[PDB]
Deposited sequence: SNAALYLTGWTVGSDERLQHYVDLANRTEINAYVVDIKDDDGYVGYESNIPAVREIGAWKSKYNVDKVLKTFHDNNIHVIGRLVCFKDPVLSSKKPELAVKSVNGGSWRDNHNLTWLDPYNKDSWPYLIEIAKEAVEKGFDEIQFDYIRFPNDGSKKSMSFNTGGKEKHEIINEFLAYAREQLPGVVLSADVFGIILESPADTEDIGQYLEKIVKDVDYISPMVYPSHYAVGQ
């Protein structure tokens, strides 16, 4: 029904507002950020790789947010931004999209992105999903399952861009058995 940031749900006034709204209207589900495009998990993570590079913030208390929503019969979809991650791709530059001039490619906002071809980022993203499911998210929604928008350089292993993203989503499916996953195919078929 509505997309809510981690900051929004981390406000008790705002959390109660969205509970009241769902209780008095047809709304019965929210999308809440797990990891937004800033590259930070929005609650305290216990995942060693996340804690090691500081890729989490106290935007909200995930246990309290999920309990409040569940108590009121509201479905909670966790939004997990994938390759638009300027934290992991800068903390671990081997994982970043490379420039033809060498070094990490930067977009018009001076940000680095993850290279989908580098499968070493995949377990990191999936572990974030797994932890979110353990906390209680009802569904995982993957966003930015794409390359950035002549100066990028890739080692493709002979796979087209749509094929490597499809491989990533198959990996996610295999690693998250029994979990409701969602993602837009027209972020892939372009």
item: Gaps in the model, given as deposited-sequence positions counted from residue 1; value: 1 to 3, 153 to 156, 198 to 233
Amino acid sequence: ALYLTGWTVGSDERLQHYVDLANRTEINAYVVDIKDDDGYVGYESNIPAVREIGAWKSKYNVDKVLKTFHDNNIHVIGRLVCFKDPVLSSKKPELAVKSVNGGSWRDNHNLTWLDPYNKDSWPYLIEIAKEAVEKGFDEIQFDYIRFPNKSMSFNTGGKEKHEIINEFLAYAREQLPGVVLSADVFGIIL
From here on, numbers count along this sequence of modelled residues.
item: Per the entry, higher mean C-alpha B factor between 98 to 106 and 72 to 80; value: 98 to 106
item: Higher-B stretch (mean Cα B-factor, as the entry records it), 131 to 139 or 22 to 30; value: 22 to 30
item: Residue of maximum C-alpha B factor among 123, 39, 157, 42, per deposited coordinates; value: 157
item: Given 35, 59, 146, 150, the residue at which the Cα B factor reaches its maximum; value: 150
item: Third assignment of residue 181 from its chain's C-alpha B-factors; value: lowest
item: B-factor third for the C-alpha atom of residue 15 within its chain; value: highest
